């Protein structure tokens, strides 16, 4: 592979970095803005609306060699629990590869679709792993590299930086405090998170907000990630209040890298029973789920166990378990707050790629820019003996569907918390396969009502073996949909096996793109559209893009937010 790569810098490389001189820079730009105004659920009675959750995840295993816009690899870190996350930190950086590292565009897009701000990484490594004081001194030069950090974030389109100083005086310490204050003064409406490590004298992790580290939070940073070795956080909460700062800008670190759900934690020291606070929660390396597994299925099973709990139901969490799950303390958030809302249950990778329920490529692929907004609840069912999981065997658009299967001798599955204003012309649409001939009803919940309305669709269409129902919602114009769900009824078979490959609320074709065959060993550039597809006549899908370009008789189409394709621009 010789295509564009996600960026990473040593301080002296960054200082002379310019987008216009960097052939990979345009491929590393995100074109999916941060979704504002997420809406929270209320399924878990224990969950509080005070604490936030930061995730420090190695969304790419390595700093270097990361393709800008996806790769032909099924097993990739397709993290799907954005709904329990308030802030994502791209975990990366090393002495051998580069210490300043922005998130890759594919991951920025996925984060942004879910309304989660994502931060780049500034990592001053420990000296035992090749860390150098020089790099720290270079970054702290005063009269430029803070300006450069802010430039990278603006150009690539991410939301700030995580600063992690781990390289082993007071002059340097004070210069760091000035660097951080400078950032605060110069940043846009952006987050700067600092790791609890270097103290006032210049490395002594406090595991709390204390006198030694308080000057790193006039004000100097948006938050602090607290080191792991604590038993109680009340002191940090009290001191934060004394400083006139929210205790919830403090993120009490938990190291889950090695053991994940088997990590021992003193939860009561962070979440006192029948009590508020003490602080927010910082997760170090939840990508445990991915790095400790060999297969997509096991990876996804572990993420469920980690974020939801052993119950497998976000509404019925067990707070006395060794791992109650993140759903036990944190409301799920949803970016399904705008019409049109459209999902195809795309997990961000596949063993195959489908268009209208037909395989258009048999190759493995990942492109997290194509990951949809996935269900708020994993999983809430009523009735029957059924399991809900993602399937990479069947897909309507992309590489995955939602599978709902098992025994059914009435059953419902509640999928989405939403905030969708209904107007005339708005319709509900959904597309599924059924192996035992059972129909699949849609469910929708209206604001001011606590029960879902389950109905059969009005108009049925058959698309390559898939059934697509349409349900006009003109009768509820002026109302707001607050939930989405499905329902089914058992037949003589006694079995149910559904694959659902799309779900949408709204209505609607984009113009053929002006595509220019250009040099990188090629680069297509084109300038309402969800993503672009590049077919090859043999038709075979050879590329997808959510940006303004792709590196590869060709046919290029723009798909709208509703997934209506444009006429294909032919190119030779």
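Numbering follows the first chain given and starts at 1.
> Is there a break between residue 538 and residue 539, and how many deposited residues does it span: none, 1 to 3, 4 to 9, or 10 or more?
Unresolved stretch here: 1 to 3 residues.
> Could you tell me how many residues of the deposited sequence sit unmodelled between residue 508 and residue 509 (none, 1 to 3, 4 to 9, 10 or more)?
The entry has a short gap there, with 1 to 3 residues left out between residue 508 and residue 509.
> State which stretch shows the higher mean Cα B factor in the entry: 449-457 or 219-227.
Here the higher of the two C-alpha B-factor means belongs to 449-457.
> Mean CA temperature factor from the deposited coordinates, higher in 58-66 or in 33-41?
According to the PDB entry, the answer is 33-41.
> Just grab whichever of 106, 397, 301, 474 has the top CA B-factor as deposited.
That would be 474.
> Identify, among 485, 243, 163, 87, the residue whose C-alpha carries the highest B-factor in the deposited PDB entry.
Of the candidates given, the C-alpha B-factor peaks at 243.
> Which third of the chain holds residue 543 when residues are ordered by C-alpha B factor: lowest, middle or highest?
Lowest third of the chain for residue 543's C-alpha B-factor.
> Sorting by Cα B-factor within the chain, modelled residues only, which third would residue 387 end up in: lowest, middle or highest?
Within its chain, residue 387 is a middle-third residue by C-alpha B-factor, going by the deposited values.
> Split into thirds by Cα B-factor across the chain's modelled residues, where does residue 529 land: lowest, middle or highest?
Its C-alpha B-factor, which the entry lists for residue 529, ranks in the middle third among residues of this chain.
> Considering every modelled residue of the chain and its Cα B-factor in the PDB entry, is residue 202 in the lowest, middle or highest third?
Within its chain, residue 202 is a highest-third residue by C-alpha B-factor, going by the deposited values.
> Taking the chain's C-alpha temperature factors as the reference, tell me which third residue 515 falls into: lowest, middle or highest.
Tercile = highest for this residue's CA B-factor.
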